[PDB]
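>>> take this sequence and fold it.
(4 chains)
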Amino acid sequence: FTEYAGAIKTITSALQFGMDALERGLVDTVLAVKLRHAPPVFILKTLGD
Amino acid sequence: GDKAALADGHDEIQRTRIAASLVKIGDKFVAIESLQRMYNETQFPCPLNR
Amino acid sequence: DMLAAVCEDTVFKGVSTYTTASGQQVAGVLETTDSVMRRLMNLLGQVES
Amino acid sequence: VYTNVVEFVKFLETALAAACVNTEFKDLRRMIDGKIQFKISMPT
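Numbering: from 1, shown residues only, chains lettered A, B, ... in the order given. What follows is the structure:
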């Protein structure tokens, strides 16, 4: 029983790892979208005036 | 009248209580977040460091 | 720096002779002449007297 | 006869002891080793 129920803990902790490595994918790619459209200050500042 | 059609269902969303940092700059309120905890716990390089 | 140069390894261990005007006790007796006390009252303000 | 008595010290009444967890162990001469096995999972 404790080999069985010690095996169901491993596979969930391998699969909670599955979803929560994909929620980092959101925070990566959304920040990666911003940096493609983010020019620096010295380029954009004099275009602001 | 267009704003109710422009809201596109972002009205009627249930509001909640979010914990984050804020700051006061002039007439504008800005939120401050540093993302190294989500990058250095996984031991990848950060894109903010250029 | 003169005040912490005198040691406190005193063999009495309990004789509290004189107290201050508030409840503390006098550490030492700083004895000068008049032409030095007249300047050590202005800089160092007397408190209890 | 005039004697001195030195000031006695306590370990747990010094502010050093914020940097130590303190469990009294009755028979330490009966111990060989001790160990703490950390298990660090890692997200990706």
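>>> can stretch D:28-42 be said to contact chain B?
Yes: using C-beta under 8 Å from any C-beta of the partner chain, stretch D:28-42 reaches chain B at residue D:42. Backbone N, C-alpha and C define where each C-beta goes, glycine included.
>>> what residues of that stretch count as buried?
Going by neighbour count (16 or more other C-beta atoms under 10 Å in any protein chain shown), nothing in stretch D:28-42 comes out as buried.
>>> that one close to chain A?
Yes: shown here: stretch D:28-42 in contact with chain A (C-beta under 8 Å from any C-beta) through residue D:41.
>>> look up how far residue C:5 lies from residue A:21.
Going from residue A:21 to residue C:5 by C-beta to C-beta, to the nearest Å gives 66 Å.
>>> so which of these two has more stuff around it?
Set residue A:21 next to residue C:5 and count neighbours by other C-beta atoms under 10 Å in any protein chain shown: residue A:21 wins out with 12 against 6.
>>> in space, what's closest to that one - neighbours in sequence excluded?
Nearest residue to residue A:21, sequence neighbours excluded (C-beta to C-beta, 6 or more residues apart in numbering or on different chains): residue D:44, at 4.8 Å.
>>> number of nearby residues for the one you found?
11.
>>> and residue D:43, by the same measure?
Counted with other C-beta under 10 Å, the neighbours of residue D:43 add up to 13.
>>> does it touch residue A:24 like I think?
Yes: Residue D:43 is in contact with residue A:24 according to C-beta atoms under 8 Å; the separation is 7.0 Å.
>>> what residues are shared contacts of these two?
residue B:42 (C-beta atoms under 8 Å, 6 or more residues apart in numbering or on different chains).
>>> so the spatially most central residue of chain A, which state does it fall into?
Taking C-alpha atoms, centre = their mean as the criterion, residue A:24 is the residue nearest the geometric centre of chain A, at 1.7 Å. Counting by DSSP: H, G, I helix; E, B strand; the rest coil, the backbone at residue A:24 sits in helix.
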